[PDB]
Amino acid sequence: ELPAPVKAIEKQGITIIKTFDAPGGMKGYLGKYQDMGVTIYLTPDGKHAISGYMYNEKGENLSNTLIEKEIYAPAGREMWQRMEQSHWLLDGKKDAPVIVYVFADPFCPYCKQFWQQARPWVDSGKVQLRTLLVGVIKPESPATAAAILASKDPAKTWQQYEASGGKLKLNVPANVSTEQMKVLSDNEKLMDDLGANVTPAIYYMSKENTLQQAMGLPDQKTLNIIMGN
């Protein structure tokens, strides 16, 4: 079964996930209390256990690094791959180090404004925006988004669209290709699967490789973090 001192913590409403190797002859237990992951460390004697955070000489919160790397990071990377595999429109260099996904709609003032705030990082080649168009805000939203997706170069047309603030003149299609209705439908299901009920819905990876999100127009702090700044 479980060592007495750890069983005592378990009764404090904690559920153990696995055991792991702790430094200094200690045994570690990774667990959770509601949504919060926790680390427990059995002392050498075996009669005591500390519920807390382990730090090394450099000040790294090891407990935090392990929790994120085992409890949080996994699920997020799944949604990141699913986002990567979508038909997103590029903005910036295809090899920009920082990748930012954003669900945008043709009639979303905040989308245009975030597009604007993003200019510096994108022009620098540090950040690339990957836009997943959707049509969920206005009656004409789908017809417009599809008319954007259905052009000679959809990524450029989205740019010119955000830039001009929409005044762009282009041939609406007589038929919205099924391929384009699929992209819109896939993007909208993915947005829903992320519980994103606001556009723009932005997604980025933290320095510790965990999926982060942002809804609406980011304030300066959030903008700086999203931009990897």
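The numbering used is simple: start at 1 and walk along the sequence shown.
Would you determine, from the values in the PDB entry, which of 178-186 and 46-54 has the greater average C-alpha temperature factor? Result: 178-186.
Highest mean C-alpha temperature factor of the two stretches 165-173 and 200-208, which is it? Per the deposited B-factors, the answer is 165-173.
Reading the B-factor column of the entry, which of 123, 84, 140, 105 has the highest value at its C-alpha atom? 140 has the highest C-alpha B-factor of those listed.
Quick one: which of 109, 97, 76, 92 has the biggest Cα B-factor according to the entry? Within the set 109, 97, 76, 92, 76 shows the top C-alpha B-factor.
Please place residue 67 in the lowest, middle or highest third of its chain according to the CA B-factor in the PDB entry. As the PDB entry reports it, the C-alpha B-factor of residue 67 lands in the middle third of its chain.
How does the C-alpha B factor of residue 15 compare with the rest of the chain: lowest, middle or highest third? For residue 15, whose C-alpha B-factor we compare with every modelled residue in the chain, the answer is the lowest third.
Can you tell me which third, lowest, middle or highest, the CA B-factor of residue 36 falls into for its chain? Highest third.
Lowest, middle or highest third - CA B-factor, residue 119: For residue 119, the deposited C-alpha B-factor lands in the lowest third.
Place residue 130 in the lowest, middle or highest third of its chain's C-alpha B-factors, as listed in the PDB entry. According to the entry, residue 130 has a C-alpha B-factor in the chain's lowest third.
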